[PDB]
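Here is work.csv, consisting of CSV, C-alpha atoms:
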```csv
chain,number,residue,atom,x,y,z
A,1,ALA,CA,40.6,51.9,29.8
A,2,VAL,CA,41.6,54.3,27.0
A,3,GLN,CA,39.9,55.1,23.8
A,4,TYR,CA,40.7,56.8,20.5
A,5,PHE,CA,38.1,59.1,18.8
A,6,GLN,CA,38.2,61.4,15.8
A,7,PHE,CA,39.0,64.8,17.2
A,8,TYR,CA,36.7,66.6,14.7
A,9,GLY,CA,33.6,64.7,15.5
A,10,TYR,CA,34.1,64.1,19.3
A,11,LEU,CA,32.0,66.9,20.8
A,12,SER,CA,28.2,66.9,20.9
A,13,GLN,CA,26.2,69.5,19.1
A,14,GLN,CA,25.7,71.4,22.4
A,15,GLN,CA,29.4,71.1,23.2
A,16,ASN,CA,30.4,72.6,19.9
A,17,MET,CA,27.9,75.4,20.3
A,18,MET,CA,29.2,76.1,23.9
A,19,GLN,CA,32.7,76.1,22.5
A,20,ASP,CA,32.0,78.8,19.8
A,21,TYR,CA,30.4,80.9,22.6
A,22,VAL,CA,33.5,80.7,24.8
A,23,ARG,CA,36.0,81.5,22.0
A,24,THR,CA,34.1,84.3,20.3
A,25,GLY,CA,33.9,85.4,23.9
A,26,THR,CA,37.6,85.7,24.1
A,27,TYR,CA,37.7,87.5,20.8
A,28,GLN,CA,35.2,90.1,21.9
A,29,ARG,CA,37.3,90.8,25.1
A,30,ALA,CA,40.4,91.2,23.0
A,31,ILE,CA,38.7,93.6,20.6
A,32,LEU,CA,37.1,95.6,23.4
A,33,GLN,CA,40.4,95.9,25.5
A,34,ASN,CA,41.9,97.3,22.3
A,35,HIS,CA,39.0,99.5,21.4
A,36,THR,CA,41.5,102.2,20.5
A,37,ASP,CA,42.5,100.1,17.4
A,38,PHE,CA,38.9,100.1,16.3
A,39,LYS,CA,37.4,103.5,17.3
A,40,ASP,CA,36.4,105.4,14.2
A,41,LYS,CA,38.4,103.1,11.9
A,42,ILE,CA,37.6,101.3,8.7
A,43,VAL,CA,37.6,97.5,9.2
A,44,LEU,CA,37.6,94.5,6.8
A,45,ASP,CA,36.2,91.3,8.3
A,46,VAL,CA,37.3,88.4,6.1
A,47,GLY,CA,34.8,85.5,5.9
A,48,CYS,CA,33.0,83.0,8.2
A,49,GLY,CA,31.5,83.0,11.7
A,50,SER,CA,28.4,84.7,10.2
A,51,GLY,CA,29.9,88.2,10.5
A,52,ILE,CA,30.1,88.1,14.3
A,53,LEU,CA,33.5,89.8,14.7
A,54,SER,CA,32.1,92.7,12.7
A,55,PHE,CA,29.6,93.2,15.5
A,56,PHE,CA,32.5,93.3,17.9
A,57,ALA,CA,34.3,95.8,15.7
A,58,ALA,CA,31.0,97.9,15.9
A,59,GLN,CA,30.7,97.5,19.6
A,60,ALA,CA,34.2,98.9,19.9
A,61,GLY,CA,33.2,101.9,17.8
A,62,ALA,CA,34.4,101.2,14.3
A,63,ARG,CA,33.2,103.8,11.7
A,64,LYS,CA,32.6,101.4,8.9
A,65,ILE,CA,33.0,97.6,8.5
A,66,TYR,CA,33.1,95.6,5.3
A,67,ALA,CA,32.2,92.0,6.0
A,68,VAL,CA,33.2,89.8,3.1
A,69,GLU,CA,31.7,86.3,3.0
A,70,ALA,CA,30.3,83.4,0.8
A,71,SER,CA,26.7,84.1,-0.3
A,72,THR,CA,24.9,81.5,1.9
A,73,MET,CA,26.5,82.7,5.2
A,74,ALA,CA,26.2,86.3,3.8
A,75,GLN,CA,22.5,86.3,3.8
A,76,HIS,CA,22.3,85.3,7.4
A,77,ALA,CA,24.8,88.1,8.2
A,78,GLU,CA,22.7,90.6,6.2
A,79,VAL,CA,19.7,89.5,8.3
A,80,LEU,CA,21.7,90.1,11.5
A,81,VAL,CA,23.0,93.5,10.4
A,82,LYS,CA,19.4,94.7,9.8
A,83,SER,CA,17.9,93.4,13.0
A,84,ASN,CA,20.7,94.9,15.1
A,85,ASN,CA,20.3,98.3,13.3
A,86,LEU,CA,23.8,98.4,12.0
A,87,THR,CA,23.0,99.0,8.3
A,88,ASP,CA,24.9,102.3,8.4
A,89,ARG,CA,28.0,100.6,9.9
A,90,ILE,CA,28.3,97.1,8.5
A,91,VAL,CA,28.3,96.5,4.7
A,92,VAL,CA,28.0,92.8,3.9
A,93,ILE,CA,29.6,92.0,0.6
A,94,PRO,CA,29.0,88.6,-0.9
A,95,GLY,CA,32.0,86.7,-2.3
A,96,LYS,CA,35.7,86.0,-2.1
A,97,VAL,CA,38.2,88.7,-1.1
A,98,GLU,CA,40.2,88.2,-4.3
A,99,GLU,CA,37.3,88.8,-6.7
A,100,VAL,CA,35.3,91.2,-4.6
A,101,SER,CA,35.6,95.1,-4.6
A,102,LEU,CA,35.8,97.6,-1.7
A,103,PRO,CA,35.3,101.3,-2.3
A,104,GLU,CA,38.2,102.3,0.0
A,105,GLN,CA,41.3,101.1,1.9
A,106,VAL,CA,41.0,99.8,5.5
A,107,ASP,CA,42.8,100.4,8.9
A,108,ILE,CA,42.4,96.8,10.2
A,109,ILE,CA,41.7,93.4,8.7
A,110,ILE,CA,40.1,90.9,11.0
A,111,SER,CA,39.5,87.2,10.8
A,112,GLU,CA,38.2,84.7,13.3
A,113,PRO,CA,41.1,82.3,14.2
A,114,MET,CA,39.3,78.9,14.5
A,115,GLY,CA,41.2,75.7,13.9
A,116,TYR,CA,40.0,75.6,10.3
A,117,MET,CA,41.6,79.0,9.5
A,118,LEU,CA,44.9,77.9,11.1
A,119,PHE,CA,45.3,74.5,9.4
A,120,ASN,CA,43.9,75.3,6.0
A,121,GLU,CA,46.1,77.2,3.5
A,122,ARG,CA,43.1,78.3,1.4
A,123,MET,CA,41.9,80.3,4.4
A,124,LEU,CA,45.4,81.6,5.1
A,125,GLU,CA,46.0,82.7,1.5
A,126,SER,CA,42.8,84.7,1.5
A,127,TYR,CA,43.7,86.3,4.8
A,128,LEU,CA,47.0,87.4,3.3
A,129,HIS,CA,45.3,88.4,0.0
A,130,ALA,CA,43.1,90.8,1.9
A,131,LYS,CA,46.2,92.9,2.8
A,132,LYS,CA,45.9,94.4,-0.7
A,133,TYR,CA,43.2,96.5,1.0
A,134,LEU,CA,45.2,97.5,4.0
A,135,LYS,CA,46.7,100.9,4.5
A,136,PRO,CA,50.5,101.1,5.0
A,137,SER,CA,49.7,102.1,8.6
A,138,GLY,CA,47.3,99.2,9.0
A,139,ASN,CA,47.0,96.3,11.5
A,140,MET,CA,45.7,92.6,11.5
A,141,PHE,CA,43.7,90.5,13.9
A,142,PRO,CA,45.3,88.1,14.5
A,143,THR,CA,48.7,89.6,13.9
A,144,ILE,CA,51.0,86.6,14.6
A,145,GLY,CA,51.1,82.9,15.0
A,146,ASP,CA,53.3,80.9,17.3
A,147,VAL,CA,54.2,77.2,17.1
A,148,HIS,CA,55.8,75.8,20.2
A,149,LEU,CA,57.4,72.4,20.3
A,150,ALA,CA,59.1,70.2,22.9
A,151,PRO,CA,60.2,66.6,23.0
A,152,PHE,CA,58.3,64.2,25.3
A,153,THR,CA,58.6,60.7,26.8
A,154,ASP,CA,55.5,58.5,26.9
A,155,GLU,CA,56.0,54.8,26.8
A,156,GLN,CA,52.3,54.0,27.2
A,157,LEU,CA,51.3,56.2,24.2
A,158,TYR,CA,53.9,54.6,22.0
A,159,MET,CA,53.3,51.0,23.0
A,160,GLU,CA,49.5,51.3,22.5
A,161,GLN,CA,50.2,51.6,18.8
A,162,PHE,CA,51.7,48.1,18.9
A,163,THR,CA,48.9,46.6,21.0
A,164,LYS,CA,46.3,47.8,18.5
A,165,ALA,CA,48.1,46.2,15.7
A,166,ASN,CA,48.9,43.0,17.6
A,167,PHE,CA,45.3,42.6,18.6
A,168,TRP,CA,43.9,42.9,15.1
A,169,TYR,CA,46.6,41.5,12.8
A,170,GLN,CA,48.1,38.5,14.7
A,171,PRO,CA,45.0,36.3,15.4
A,172,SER,CA,43.4,34.8,12.2
A,173,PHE,CA,40.4,36.9,11.1
A,174,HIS,CA,37.5,34.7,10.2
A,175,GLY,CA,40.0,32.2,9.0
A,176,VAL,CA,42.1,34.7,7.1
A,177,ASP,CA,45.8,35.3,8.2
A,178,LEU,CA,46.4,39.1,8.3
A,179,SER,CA,49.8,39.0,10.1
A,180,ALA,CA,51.8,40.1,7.0
A,181,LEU,CA,50.0,43.5,7.4
A,182,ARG,CA,51.1,43.9,11.0
A,183,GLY,CA,54.0,46.2,10.3
A,184,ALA,CA,52.2,48.3,7.8
A,185,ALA,CA,49.4,48.7,10.4
A,186,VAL,CA,51.9,49.7,13.1
A,187,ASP,CA,53.6,52.2,10.8
A,188,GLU,CA,50.2,53.7,10.0
A,189,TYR,CA,49.1,54.0,13.7
A,190,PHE,CA,52.4,56.0,14.4
A,191,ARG,CA,51.2,58.6,11.8
A,192,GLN,CA,48.1,59.4,13.6
A,193,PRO,CA,48.6,62.7,15.5
A,194,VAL,CA,47.1,62.6,19.0
A,195,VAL,CA,45.2,65.3,20.9
A,196,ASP,CA,45.3,64.7,24.6
A,197,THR,CA,45.7,66.4,28.0
A,198,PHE,CA,49.1,65.6,29.5
A,199,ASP,CA,51.0,66.9,32.5
A,200,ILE,CA,54.0,68.9,31.2
A,201,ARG,CA,56.3,66.8,33.4
A,202,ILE,CA,56.6,64.5,30.4
A,203,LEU,CA,58.3,67.3,28.5
A,204,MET,CA,62.1,66.7,28.4
A,205,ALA,CA,63.3,70.2,27.4
A,206,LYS,CA,62.2,73.8,27.3
A,207,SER,CA,60.0,74.5,24.3
A,208,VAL,CA,61.3,76.1,21.1
A,209,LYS,CA,59.1,78.8,19.5
A,210,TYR,CA,58.5,79.8,15.9
A,211,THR,CA,56.6,82.9,14.9
A,212,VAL,CA,54.6,83.6,11.7
A,213,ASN,CA,53.9,87.3,11.3
A,214,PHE,CA,50.8,87.7,9.1
A,215,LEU,CA,51.3,91.4,8.6
A,216,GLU,CA,54.8,90.9,7.1
A,217,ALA,CA,54.0,87.5,5.3
A,218,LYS,CA,54.5,87.4,1.5
A,219,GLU,CA,52.6,85.5,-1.2
A,220,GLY,CA,53.1,81.7,-0.5
A,221,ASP,CA,55.0,82.1,2.8
A,222,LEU,CA,52.6,79.7,4.6
A,223,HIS,CA,52.8,76.9,2.0
A,224,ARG,CA,56.0,75.4,3.6
A,225,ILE,CA,57.1,76.3,7.2
A,226,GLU,CA,60.6,75.3,8.2
A,227,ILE,CA,61.2,74.9,11.9
A,228,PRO,CA,64.9,74.0,12.8
A,229,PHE,CA,65.4,73.1,16.5
A,230,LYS,CA,68.0,72.3,19.1
A,231,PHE,CA,66.7,71.1,22.5
A,232,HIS,CA,69.0,71.1,25.4
A,233,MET,CA,67.8,68.0,27.3
A,234,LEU,CA,66.9,68.5,30.9
A,235,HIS,CA,65.9,64.9,31.6
A,236,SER,CA,67.3,61.5,30.6
A,237,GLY,CA,65.3,58.8,28.9
A,238,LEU,CA,63.4,57.9,25.8
A,239,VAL,CA,62.1,60.7,23.6
A,240,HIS,CA,59.0,59.2,21.9
A,241,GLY,CA,58.0,62.3,19.9
A,242,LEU,CA,57.4,66.1,19.8
A,243,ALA,CA,54.5,68.0,21.4
A,244,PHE,CA,53.1,71.0,19.4
A,245,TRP,CA,51.0,73.9,20.5
A,246,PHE,CA,49.7,76.7,18.3
A,247,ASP,CA,48.7,80.2,19.3
A,248,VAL,CA,47.6,83.4,17.7
A,249,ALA,CA,48.0,86.9,19.1
A,250,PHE,CA,46.6,90.4,18.4
A,251,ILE,CA,49.4,93.0,18.9
A,252,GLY,CA,47.3,96.1,19.5
A,253,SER,CA,48.5,99.6,20.4
A,254,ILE,CA,47.3,99.0,24.0
A,255,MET,CA,47.8,95.3,24.7
A,256,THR,CA,49.2,92.2,23.0
A,257,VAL,CA,46.5,89.6,23.8
A,258,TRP,CA,46.8,85.9,23.0
A,259,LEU,CA,43.7,84.4,21.5
A,260,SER,CA,44.1,80.6,21.9
A,261,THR,CA,44.3,81.0,25.7
A,262,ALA,CA,47.4,83.0,27.2
A,263,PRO,CA,50.8,82.7,29.0
A,264,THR,CA,52.0,84.0,32.5
A,265,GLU,CA,52.1,80.6,34.3
A,266,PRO,CA,50.9,76.9,33.4
A,267,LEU,CA,47.4,76.7,31.8
A,268,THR,CA,45.6,75.3,28.7
A,269,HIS,CA,46.2,75.5,24.9
A,270,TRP,CA,43.2,75.2,22.6
A,271,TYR,CA,45.4,74.0,19.7
A,272,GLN,CA,47.9,71.2,20.8
A,273,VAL,CA,49.0,67.9,19.4
A,274,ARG,CA,51.6,65.2,19.9
A,275,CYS,CA,53.4,63.4,17.1
A,276,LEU,CA,55.3,60.1,17.7
A,277,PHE,CA,58.6,59.1,16.2
A,278,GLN,CA,58.6,55.6,14.6
A,279,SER,CA,61.6,54.8,16.8
A,280,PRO,CA,62.3,56.3,20.2
A,281,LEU,CA,65.6,58.1,20.9
A,282,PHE,CA,67.7,57.7,23.9
A,283,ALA,CA,69.2,61.0,25.3
A,284,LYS,CA,71.1,61.8,28.4
A,285,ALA,CA,70.3,65.0,30.3
A,286,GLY,CA,72.7,67.5,28.9
A,287,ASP,CA,72.6,66.0,25.4
A,288,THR,CA,71.2,68.0,22.5
A,289,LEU,CA,68.4,66.9,20.2
A,290,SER,CA,68.4,68.7,16.9
A,291,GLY,CA,66.5,68.5,13.7
A,292,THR,CA,63.8,70.1,11.7
A,293,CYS,CA,60.0,70.2,11.4
A,294,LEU,CA,58.5,70.8,8.0
A,295,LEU,CA,54.9,71.8,7.8
A,296,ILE,CA,53.7,71.6,4.2
A,297,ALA,CA,50.2,72.2,2.9
A,298,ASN,CA,48.8,69.0,1.3
A,299,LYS,CA,46.3,68.0,-1.4
A,300,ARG,CA,43.6,67.4,1.2
A,301,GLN,CA,43.1,70.8,2.8
A,302,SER,CA,45.5,70.6,5.7
A,303,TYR,CA,49.2,70.3,6.5
A,304,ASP,CA,51.6,67.4,6.6
A,305,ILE,CA,54.2,67.3,9.4
A,306,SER,CA,57.7,66.0,8.7
A,307,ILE,CA,59.8,65.6,11.8
A,308,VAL,CA,63.5,64.6,11.7
A,309,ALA,CA,65.5,64.3,14.9
A,310,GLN,CA,69.0,63.4,16.0
A,311,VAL,CA,70.9,63.1,19.3
A,312,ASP,CA,74.1,65.1,18.5
A,313,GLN,CA,76.4,63.2,21.0
A,314,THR,CA,75.6,59.9,19.6
A,315,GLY,CA,74.4,60.3,16.0
A,316,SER,CA,71.1,58.4,16.6
A,317,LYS,CA,68.3,59.5,14.2
A,318,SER,CA,64.6,59.0,14.0
A,319,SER,CA,61.8,60.6,12.0
A,320,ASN,CA,58.1,60.5,11.1
A,321,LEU,CA,55.7,62.0,8.5
A,322,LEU,CA,52.0,62.7,9.6
A,323,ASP,CA,48.9,64.3,8.2
A,324,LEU,CA,47.0,66.7,10.5
A,325,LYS,CA,43.7,66.3,8.7
A,326,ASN,CA,42.3,63.7,11.2
A,327,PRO,CA,43.9,63.8,14.6
A,328,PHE,CA,42.6,61.4,17.2
A,329,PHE,CA,41.5,62.4,20.7
A,330,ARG,CA,42.8,60.1,23.3
A,331,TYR,CA,40.4,59.6,26.1
A,332,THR,CA,41.9,58.2,29.3
```

Starting from the file, give its structure as structure tokens.
Amino acid sequence: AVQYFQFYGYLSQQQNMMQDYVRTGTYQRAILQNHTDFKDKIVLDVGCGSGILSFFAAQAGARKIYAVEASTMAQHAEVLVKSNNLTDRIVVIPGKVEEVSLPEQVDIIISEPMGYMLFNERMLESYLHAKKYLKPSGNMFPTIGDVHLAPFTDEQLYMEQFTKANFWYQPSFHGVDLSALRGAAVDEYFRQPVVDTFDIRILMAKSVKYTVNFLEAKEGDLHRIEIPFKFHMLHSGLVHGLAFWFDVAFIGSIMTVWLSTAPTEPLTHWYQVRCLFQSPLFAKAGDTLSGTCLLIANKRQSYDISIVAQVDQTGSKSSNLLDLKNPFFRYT
């Protein structure tokens, strides 16, 4: 009968642990397949995950690895380094990359691309700051980030927002009339990004792609990310919002490998979300839907998404503004 849960607390303790196993799993494979980018190289591992990528860098044959991390997590790493006999190969240095000091330049900077690296500008800044240690010939893991977006139709998803508000704000509430808050409540429900599994047949155009290259990214490039778009509509009907998916890649010398689950035919993205428009747009097949997404870092450690959209043939316009801090998982 359909339920909304906070995406960040949804999984059990075991499920969260199983999920770190699976994902670090795909990082190890990526590092091993590209062992040539690590063999006899100097590596800088930047913060969090308890140094585990450094162990993959070592497995792949790195000469020396600097692992930089906050002092609590650093002691656990220091324990792991010793008991795995890698004291000659991994140097754990407690602190922040900006105020810490390395005795040499590095060939590769690595960082574990969990959700809370990708949606937190503090983590991204540090990752970029670490390039001060990278040789001109150097590389980064991950190397690039893709955002894909596509419009979707989903009547049920959009009308649920009304049925939640109607249910709670129309009937009196222990003798108190709350109906004057109905509109404010609906407007707030529309600003809740939704994580879901949905069947691609609801997409109404081919996706548009936007690439961030971390290797070439300057100071402050990730504060504000402008994505203009023009979709050529393949289906007629109501566009209720935009669907987003996020992917990182390591462009090695051997093999470009995607690290949020990969493309060749239809399968599953670890990092996806749908954002509703406040008002749906009608488009004919063959029409164009254009506008812009702004992703801006906010005061609360994530990004706001601004989406503006227009049907060119008709002038019709809708928009929305959402915070990605607390997506909801929609369980069907």

Would you tabulate, counting all atoms listed in the file, all residues of stretch 113-211 of chain A that have an atom at most 12 Å from an atom of stretch 282-296 of chain A, showing the closest pair of atoms and their distance in Å to one decimal, sorted by chain then ascending number, as JSON lines?
```
{"residue": "A:119", "atom": "CA", "partner": "A:295", "partner_atom": "CA", "distance": 10.1}
{"residue": "A:120", "atom": "CA", "partner": "A:296", "partner_atom": "CA", "distance": 10.6}
{"residue": "A:121", "atom": "CA", "partner": "A:296", "partner_atom": "CA", "distance": 9.5}
{"residue": "A:147", "atom": "CA", "partner": "A:293", "partner_atom": "CA", "distance": 10.7}
{"residue": "A:148", "atom": "CA", "partner": "A:293", "partner_atom": "CA", "distance": 11.2}
{"residue": "A:149", "atom": "CA", "partner": "A:293", "partner_atom": "CA", "distance": 9.5}
{"residue": "A:150", "atom": "CA", "partner": "A:289", "partner_atom": "CA", "distance": 10.2}
{"residue": "A:151", "atom": "CA", "partner": "A:289", "partner_atom": "CA", "distance": 8.7}
{"residue": "A:152", "atom": "CA", "partner": "A:283", "partner_atom": "CA", "distance": 11.4}
{"residue": "A:153", "atom": "CA", "partner": "A:282", "partner_atom": "CA", "distance": 10.0}
{"residue": "A:204", "atom": "CA", "partner": "A:285", "partner_atom": "CA", "distance": 8.6}
{"residue": "A:205", "atom": "CA", "partner": "A:285", "partner_atom": "CA", "distance": 9.2}
{"residue": "A:206", "atom": "CA", "partner": "A:289", "partner_atom": "CA", "distance": 11.7}
{"residue": "A:208", "atom": "CA", "partner": "A:290", "partner_atom": "CA", "distance": 11.1}
{"residue": "A:209", "atom": "CA", "partner": "A:293", "partner_atom": "CA", "distance": 11.8}
{"residue": "A:210", "atom": "CA", "partner": "A:293", "partner_atom": "CA", "distance": 10.7}
```

Problem set entry | d(atom CA of residue A:71, atom CA of residue A:42) in Å | 22.3 Å

Problem set entry | Answer as a list in words, residues within 9 Å of (42.6, 97.0, 16.0) using only C-alpha atoms |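 Answer for this query, in the requested form: residues 31, 34, 35, 36, 37, 38, 39, 41, 43, 57, 107, 108, 109, 110, 138, 139, 140, 141, 250, 251, 252 and 253 of chain A.
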
Seminar exercise, completed: re atom CA of residue A:157 and atom CA of residue A:244: distance 15.7 Å

List as a Markdown table every residue of stretch 42-121 of chain A that is in contact with stretch 11-21 of chain A, defined as an atom at most 12 Å from one of its atoms (using only C-alpha atoms), together with the nearest atom pair and the distance in Å rounded to one decimal, sorted by chain and then rising number.
```
| residue | atom | partner | partner_atom | distance |
| --- | --- | --- | --- | --- |
| A:49 | CA | A:20 | CA | 9.1 |
| A:50 | CA | A:20 | CA | 11.8 |
| A:52 | CA | A:20 | CA | 11.0 |
| A:112 | CA | A:20 | CA | 10.7 |
| A:113 | CA | A:20 | CA | 11.2 |
| A:114 | CA | A:20 | CA | 9.0 |
| A:115 | CA | A:20 | CA | 11.4 |
```
